[PDB]
Amino acid sequence: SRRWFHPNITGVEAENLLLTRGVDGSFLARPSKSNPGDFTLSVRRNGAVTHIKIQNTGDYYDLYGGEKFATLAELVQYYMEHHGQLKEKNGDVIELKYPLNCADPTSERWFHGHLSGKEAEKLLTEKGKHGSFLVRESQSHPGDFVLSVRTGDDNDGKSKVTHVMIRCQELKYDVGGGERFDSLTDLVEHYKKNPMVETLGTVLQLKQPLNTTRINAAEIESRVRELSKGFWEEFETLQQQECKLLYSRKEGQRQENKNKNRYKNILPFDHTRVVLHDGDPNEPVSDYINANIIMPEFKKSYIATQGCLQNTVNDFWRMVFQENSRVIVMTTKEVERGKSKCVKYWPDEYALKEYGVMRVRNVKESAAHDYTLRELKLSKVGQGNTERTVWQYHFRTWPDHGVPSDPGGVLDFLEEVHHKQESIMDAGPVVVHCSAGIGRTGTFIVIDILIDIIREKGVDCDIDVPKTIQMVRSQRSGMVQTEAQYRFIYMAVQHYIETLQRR
Ligand SMILES: NCCCc1cnc2c(-c3cccc(Cl)c3Cl)c[nH]c2c1
């Protein structure tokens, strides 16, 4: 449910909430109001509030005195299932026991605060189907709200929109009778499960929130102008839905696989992980790599993976070989900020190296402005005729923190990557990696998915950036990490539409 996240609370408001409405073990998370990528975990212990910083520069959530995580929900899940594991600077244990729930509705897909009654009928008439709903602030009754629902068959009167008035009396919400709820979310959840019935029998089913993020490609410029004037709010609504994505990650947690993960708690989902076959028969667990298949849904596929560790380079090449991948995208330098982000896993130019049962030749490197292309030949040792060329596109100019201030470089790169993949008959998924394999990796993959829709169907197709992101996030944890990456995706799509109108 992720109610412990408070999107619009101050540091002082957070202390007071925990001191007046919480107990020892109560906690909440909140953003830093002028520092995107900064979050705070506020926790009560010993009748006093402690504040722990979480930093995200684009690769992972880094909890001070704790671990690195793919999502705040995964971070809270981990500490609510492990006593004694979160520690103060001096080393005392901080326990997260009791989430302190937020009543703020602003990050709910169905909450459209500023929106009139006829404005809500238009949207539902056009964009909505049976069971589509939204909640808006009342115009005629200050402080109250309205629930607008479409029901019918999918202009002949077969459909209709019903309005239901939501009273706010003494910080509780009701539909005119029955139960009084502490938040609009509690109210909506209750009638989502126990639908209202009109006397004459219509069931006001709340099946899905009204979709307002799906846009036609030719109107990208206007939506971006609107989000610029916010990108923040839309992003936060997306992050709220990450509690629905806590799929199991058991294989990455096995003792045998511990040291195959760059970060112990950033792990591939079981249901999409790449399973490696034909492993050394002596090796107990030989089927594991920290990598997931990303299959775009609603025909190129990807594998999103971490930067190699020295002990997983053999597994990486087993995976490229097994999957028939012919194109690799590397999203970081080898070293950034003096720290190793992905080990060198390819031979020096003109050299040949064996990586366990795999053999790799570096045929030729070519320097471009923003990237290096390495033409590699991959084959299985002892088996001459298994040789294939693998083209490695190494993007070298992404800044150490944040995102590029212009998307042309990335877009020129993806264009060239796309033409290479398309030129090779029956090529397998495009491998995209480095660092933890969720931030830049997920950003490059999302842009690539969106740009391919526009390249095939033109500027007469519909795109939905957050839906696309949620679909990739259901296949690997935390794909697209920051609000800066989120804005960068919109800017890249826009830029790609502006140069297609230049043709
Ligand atoms: N309270 C803001 C209401 C406007 C709104 C609606 N919808 C989304 C979405 C979204 C869209 C499709 C699917 C999913 Cl799962 C999401 Cl989160 C992400 N930001 C949004 C913002």
# chains A, B, ... in the order shown; residues from 1 in each chain; ligands from 1

call {"tool": "residues_around", "arguments": {"residues": "residue 165 of chain A", "least_positions_apart": "5", "cutoff": "10 Å", "atoms": "only C-alpha atoms", "output": "count of residues only"}}
result
13

call {"tool": "residues_around", "arguments": {"residues": "residue 312 of chain A", "least_positions_apart": "3", "cutoff": "10 Å", "atoms": "only C-alpha atoms", "output": "list in words"}}
result
residues 259, 260, 261, 262, 288, 289, 290, 307, 308, 309, 315, 316, 317, 318, 343 and 345 of chain A

call {"tool": "residues_near_ligand", "arguments": {"ligand": "ligand 1", "cutoff": "6 Å", "atoms": "only C-alpha atoms and all ligand atoms", "output": "PyMOL selection string"}}
result
chain A and resi 106-112+211-213+234-235+237-238+241+466-467+470

call {"tool": "residues_around", "arguments": {"residues": "segment 22-25 of chain A", "least_positions_apart": "3", "cutoff": "6 Å", "atoms": "only C-alpha atoms", "output": "ChimeraX atom specification"}}
result
/A:18-19,44-45,95-98

call {"tool": "write_last_selection", "arguments": {"atoms": "N, CA, C and O atoms", "output": "mmCIF file, in the first residue's frame"}}
result
data_model
loop_
_atom_site.group_PDB
_atom_site.id
_atom_site.type_symbol
_atom_site.label_atom_id
_atom_site.label_comp_id
_atom_site.auth_asym_id
_atom_site.auth_seq_id
_atom_site.Cartn_x
_atom_site.Cartn_y
_atom_site.Cartn_z
ATOM 1 N N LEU A 18 5.240 11.827 14.351
ATOM 2 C CA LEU A 18 5.808 10.644 15.009
ATOM 3 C C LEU A 18 5.715 10.774 16.536
ATOM 4 O O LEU A 18 5.543 9.768 17.231
ATOM 5 N N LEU A 19 5.826 11.999 17.053
ATOM 6 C CA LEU A 19 5.824 12.233 18.511
ATOM 7 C C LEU A 19 4.397 12.205 19.066
ATOM 8 O O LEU A 19 4.198 11.766 20.200
ATOM 9 N N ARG A 44 10.971 6.947 15.055
ATOM 10 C CA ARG A 44 10.920 7.175 16.484
ATOM 11 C C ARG A 44 11.615 6.023 17.218
ATOM 12 O O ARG A 44 11.346 4.850 16.954
ATOM 13 N N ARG A 45 12.512 6.383 18.142
ATOM 14 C CA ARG A 45 13.159 5.430 19.050
ATOM 15 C C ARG A 45 13.514 6.169 20.345
ATOM 16 O O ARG A 45 14.087 7.256 20.295
ATOM 17 N N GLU A 95 14.864 0.283 14.839
ATOM 18 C CA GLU A 95 13.837 -0.681 14.405
ATOM 19 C C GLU A 95 12.724 0.046 13.648
ATOM 20 O O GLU A 95 12.172 1.006 14.171
ATOM 21 N N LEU A 96 12.402 -0.412 12.425
ATOM 22 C CA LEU A 96 11.156 0.005 11.756
ATOM 23 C C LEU A 96 10.074 -1.038 12.067
ATOM 24 O O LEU A 96 10.126 -2.148 11.553
ATOM 25 N N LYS A 97 9.113 -0.668 12.902
ATOM 26 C CA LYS A 97 8.049 -1.564 13.358
ATOM 27 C C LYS A 97 6.701 -1.137 12.763
ATOM 28 O O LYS A 97 6.007 -1.961 12.193
ATOM 29 N N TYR A 98 6.341 0.139 12.894
ATOM 30 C CA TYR A 98 4.968 0.601 12.628
ATOM 31 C C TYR A 98 4.948 1.748 11.607
ATOM 32 O O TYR A 98 5.286 2.899 11.943
#

call {"tool": "closest_residue", "arguments": {"among": "A:218, A:425, A:380, A:416", "to": "residue 463 of chain A", "atoms": "only C-alpha atoms"}}
result
A:218

call {"tool": "residues_around", "arguments": {"residues": "residue 434 of chain A", "least_positions_apart": "4", "cutoff": "9 Å", "atoms": "only C-alpha atoms", "output": "PyMOL selection string"}}
result
chain A and resi 305-308+329-334+341-343+438+440-441

call {"tool": "atom_distance", "arguments": {"atom1": "atom CA of residue 406 of chain A", "atom2": "atom CA of residue 495 of chain A"}}
result
9.0 Å

call {"tool": "closest_residue", "arguments": {"among": "A:364, A:57, A:377, A:350", "to": "residue 400 of chain A", "atoms": "only C-alpha atoms"}}
result
A:57

call {"tool": "closest_residue", "arguments": {"among": "A:73, A:453, A:204, A:411", "to": "residue 246 of chain A", "atoms": "only C-alpha atoms"}}
result
A:73

call {"tool": "select_by_dssp", "arguments": {"residues": "segment 346-387 of chain A", "states": "strand (DSSP E)", "output": "ChimeraX atom specification"}}
result
/A:352-355,358-367,371-380,383-387

call {"tool": "residues_around", "arguments": {"residues": "residue 460 of chain A", "least_positions_apart": "6", "cutoff": "10 Å", "atoms": "only C-alpha atoms", "output": "VMD selection string"}}
result
chain A and resid 216 to 219 454

call {"tool": "residues_around", "arguments": {"residues": "residue 402 of chain A", "least_positions_apart": "4", "cutoff": "8 Å", "atoms": "only C-alpha atoms", "output": "ChimeraX atom specification"}}
result
/A:57-58,484-485

call {"tool": "residues_around", "arguments": {"residues": "segment 391-397 of chain A", "least_positions_apart": "2", "cutoff": "9 Å", "atoms": "only C-alpha atoms", "output": "PyMOL selection string"}}
result
chain A and resi 326-333+369-377+389+399-400+404+409-410+413+417+420

call {"tool": "closest_residue", "arguments": {"among": "A:215, A:447, A:14, A:203", "to": "residue 26 of chain A", "atoms": "only C-alpha atoms"}}
result
A:14

call {"tool": "select_by_dssp", "arguments": {"residues": "segment 59-205 of chain A", "states": "alpha helix (DSSP H)", "output": "PyMOL selection string"}}
result
chain A and resi 72-80+117-127+184-193
